[PDB]
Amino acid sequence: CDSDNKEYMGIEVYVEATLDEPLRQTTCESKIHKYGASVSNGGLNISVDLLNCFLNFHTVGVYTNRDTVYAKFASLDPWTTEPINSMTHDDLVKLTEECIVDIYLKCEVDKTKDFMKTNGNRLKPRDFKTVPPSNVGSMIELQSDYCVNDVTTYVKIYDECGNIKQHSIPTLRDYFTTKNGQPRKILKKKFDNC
């Protein structure tokens, strides 16, 4: 955080997708690649590519409940995790103006897996928390697929040196949902590892 001038940013991308049948029990598989990541879980492959963002994900968590798959792509401690999410100031300017979080859903419902067992609902309304509104329009681009009834997505890109440097980079937020008349909420429960 010692203006090289390098900037250090973090990123969280949340994807929630409700499918058209109750979920089948699957084995989770995730892959992090250069400026993106993907996860195959619950009958859906969710892929996130970061276009002109100059940022890498470090972790993918998942959740599955009823008919809904959740994924959280995130960065971790930025000074101890490889690859380091640092960038020049000119690259941060381009991130600010041009970063797109390109989300792609692919249905992969597998009839060789039985339906998830369901006792009592493992999620409850007070597991979802409101998030602030978008401050960057059209940062999220989403492609859905036929088996998906609704998708919700949220991105937060933030300064890791904000508390610290003497100045801070504005947090960039966007939110997109196919749902109508629903509050701006995301699952805040701790996700499972993939």
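For every residue, the number given is its place in the sequence shown, counted from 1.
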Given 133-141 and 160-168, the range whose Cα B-factors average higher in the PDB entry: 160-168
Mean temperature factor over C-alpha atoms, higher-scoring stretch between 118-126 and 95-103: 118-126
B-factor third for the C-alpha atom of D20 within its chain: middle
Chain-wide C-alpha B factor ranking for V48, given as lowest, middle or highest third: middle
Record-listed C-alpha B factor of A71: chain third: lowest
Relative C-alpha B-factor of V155, binned into the chain's lowest, middle or highest third: lowest
Ranked against its chain, the third holding the CA B-factor of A37: lowest
